[PDB]
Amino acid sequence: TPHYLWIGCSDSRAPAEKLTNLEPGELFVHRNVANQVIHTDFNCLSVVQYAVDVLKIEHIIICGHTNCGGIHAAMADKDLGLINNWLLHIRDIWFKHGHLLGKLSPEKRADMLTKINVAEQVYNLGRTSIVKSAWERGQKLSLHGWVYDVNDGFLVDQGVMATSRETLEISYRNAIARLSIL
């Protein structure tokens, strides 16, 4: 039985098993474009719900990365077809943090959005009825929000780690406060 659920991105070069360096099967893995946790996505809700309620997994890691093709896709103002609808959720995130990103040199702006995106997805995860219910009934469950940079493997527990609904709130706010120092 695995002890981690890894929500990652579909164009991320690095396998999870390299990055966590957990032995094989400690890991349960979902990968979507831009590593989203969308409120109403059955595919991923299901994964979380099974992980949490049935596998009794105790740690969930959302992992994003620099140079992420899906974050690029999202920012591009272009008619890509069905996927554009998937990437609206990232565009909302962008809009939400517009003053912040607006202040950045254009080039460093996608990297900011990868980091921001992770914090927001972690928050969504903590706000699912599965994770809410677990914390409410006293189950041990941690949420983690990592961005890794291809430029020498490096991984940072982006401000977000949460073990409760209270601490989910503190962590995300601090995370955004801290992305906002330039």
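Quick note: we count residues from 1 along the sequence shown, nothing fancier.
When 27-35 is weighed against 150-158, 150-158 comes out higher, by mean CA B-factor as recorded in the entry. The question of which stretch, 166-174 or 13-21, has the higher mean Cα B factor is settled in favour of 13-21. Ranked within its chain, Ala110 lands in the highest third, by CA B factor from the PDB record. In this PDB entry, the Cα temperature factor of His99 sits in the middle third of its chain's modelled residues.
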